[PDB]
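Input: a single structure, listed below in structure tokens.
FYI the Cβ positions are ideal-geometry reconstructions off the backbone, even for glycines, and counts take in every protein chain you see. No lab work stands behind these numbers, since they all come straight from the coordinates.
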Amino acid sequence: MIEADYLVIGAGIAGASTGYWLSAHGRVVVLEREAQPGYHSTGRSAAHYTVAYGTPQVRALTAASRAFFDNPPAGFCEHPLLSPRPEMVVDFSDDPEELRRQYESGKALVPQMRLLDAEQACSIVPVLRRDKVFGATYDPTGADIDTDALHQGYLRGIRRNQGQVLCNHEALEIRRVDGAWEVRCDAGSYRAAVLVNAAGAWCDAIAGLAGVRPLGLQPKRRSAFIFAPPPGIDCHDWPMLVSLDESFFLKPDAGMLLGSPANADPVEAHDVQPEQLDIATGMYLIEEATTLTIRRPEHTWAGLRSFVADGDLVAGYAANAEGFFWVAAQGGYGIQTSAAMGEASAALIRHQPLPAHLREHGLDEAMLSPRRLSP
Ligand SMILES: Cc1cc2c(cc1C)N(C[C@H](O)[C@H](O)[C@H](O)COP(=O)(O)OP(=O)(O)OC[C@H]1O[C@@H](n3cnc4c(N)ncnc43)[C@H](O)[C@@H]1O)c1[nH]c(=O)[nH]c(=O)c1N2
């Protein structure tokens, strides 16, 4: 039996970020089922940062994370965590009212957000079919996140603070014993006053082991693929391109193009594989919007974006289950919100007020709590 102050289940971006901030204050042990911490959703994302995405809570958590991403502590990473990648949202269906509403809402959080005419959008991504383009919004402040460096920075930070990150440690049994939570894995047993449930799409399964009422988390499959651009076009500086109705996105990645139908098909938590229909739909939508020809994609994959009913993230203690803390419902936002989520969850776990910089973005206990869910 190994004792800790905080026992975290899951070493994806959620558990790693929460563990990182906790590790400054006590002994953290993170238990991870897989052989590597980023095998599931955290290693399968499109890795983009944009404030104007998701619910108001998500936008606040994303905005509040930028300070850390732009100024992490010395030794956290070797190179910047963010690289410039503006986002251009293109109207392909001639909906000027919706385009205006997205522009106005985005500009309220991003003063530099711009409204583009069709010619401006096509100047930026010249493969757009001009007769299908009706205008766009443009966020000059978007960025790509180096997920590997961020995730490894969190994990290394735990270990440098005398915490432990234990892979091949699937939590199999969980029990409240003598005022603490005890977790049995095949390799070893662990005890801590606080159990942090950061198990991604499996958070409700972890609650099931513990006898704690689950949240109603719904994992949803999203597939993506990479394909080669035609030999004559340099697309490496293109923005992240999204359609106005979120039917697809397309962004440069490692000399290739990364596409997705931006799907969200509800599934059980599992090691999710891409579906042929997903890939074909994404290819069709990109070929409908652009002059690109997509041959058989060179690599395809899928990951899970897991949501509760209201689309907001969850960080808070369970009602009626002492010491059981949810870090859940990251949706499609877990990487871009991870700095604010990690710092806020650590404060809440420790029963401390949220730091002032988070409060200035409108973050508080109530907006994050699982107890807002009803019934
Ligand atoms: C295609 C695509 C594209 C994007 C995105 C997703 C997808 C699929 N996302 C979303 C992002 O991927 C998602 O929000 C986070 O990776 C969720 O991180 P978690 O740590 O919650 O889950 P994650 O699945 O990474 O970690 C949970 C961990 O818990 C472990 N676990 C489960 N059960 C266990 C047990 N019994 N014992 C021990 N360990 C256990 C798992 O093995 C797993 O490693 C995204 N986000 C974003 O911010 N920007 C973006 O651009 C995108 N884009």
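At q = 0.19, 0.24, 0.27 Å⁻¹, what base-10 log of I(q)/I(0) does the Debye formula yield for region 315-375 when every alpha carbon is treated as an equal point scatterer in vacuo? These q points yield log10 I(q)/I(0) values of -0.70, -1.08, -1.29. Across region 64-210, Cα-Cα pairs more than 28 Å apart make up 51 percent of the total.
With only the Cα atoms considered, region 222-309 has a convex hull volume of 109 Å³ per residue.
Measuring r between the beta carbons of residue 129 and residue 3 and using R0 = 41 Å, the FRET efficiency lands at 0.10. Hey, if you drop one equal point scatterer on each alpha-carbon of region 171-255 and run the Debye formula without solvent, what base-10 log of I(q)/I(0) do you get at q = 0.12, 0.19, 0.21, 0.22 Å⁻¹? Computed log10 I(q)/I(0) values: -0.62, -0.87, -1.00, -1.07. For the listed peptides 61-69, 176-184, 190-198, a ranking on the average number of other beta carbons within 10 Å per residue, highest first, reads 190-198, 61-69, 176-184.
Working from label points 7 Å from Cα in the Cα-to-Cβ sense, the residue 184 to residue 322 distance is 2.3 nm. Take the Kirkwood radius over Cα pairs of region 1-85, plug it into Stokes-Einstein at 4 °C and 1.567 mPa s, and you get 87 µm²/s for translational diffusion.
Fully extending the segment from residue 213 to residue 98, taken as 0.36 nm per residue of separation minus the present Cα-Cα distance, adds 37.5 nm. Within the chain, DSSP assigns beta bridges of which about 70% are antiparallel (rounded to the nearest 5). With θ taken as phi - 60° and the Karplus curve 6.51 cos²θ - 1.76 cosθ + 1.60 applied, the whole-hertz 3J(HN,Hα) list for region 250-265 is 8, 8, x, 7, 6, x, 10, 10, 10, x, 7, x, 6, 6, 8, 8 Hz, x standing for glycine and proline.
The P(r) of region 27-66 has a tail past 10 Å containing 76 percent of all C-alpha pairs.
Once the chain from residue 148 to residue 120 is taken as fully extended at 0.36 nm per residue, the excess over their C-alpha distance is 6.7 nm.
Solvent-free Debye calculation, one equal scatterer per alpha-carbon of region 256-296: log10 I(q)/I(0) at 0.14, 0.32 Å⁻¹ equals -0.37, -1.26. Average 1/r across all pairs of distinct alpha carbons in region 263-375, invert it, and you get the Kirkwood radius: 16.9 Å. For region 1-155, the alpha-carbon coordinates run over 66, 29, 27 Å along the three principal axes, in decreasing order.
Most simply put, region 1-150 has about 75% antiparallel DSSP beta bridges, counting only bridges with both residues inside it. If the chain linking residue 105 and residue 310 were pulled fully straight, counting 0.36 nm for each residue of separation and taking away their Cα-Cα distance, it would gain 71.9 nm. Principal axis extents of the C-alpha atoms in the chain (largest first, rounded to whole Å): 69, 45, 42.
Across region 130-284, the volume of the C-alpha convex hull divided among the residues equals 190 Å³ per residue.
The helix-based estimate of mean residue ellipticity at 222 nm for the chain, built from -39,500 (n - 2.57) per DSSP H run of four or more residues and divided by its residue count, is -8000 deg cm²/dmol to the nearest 500.
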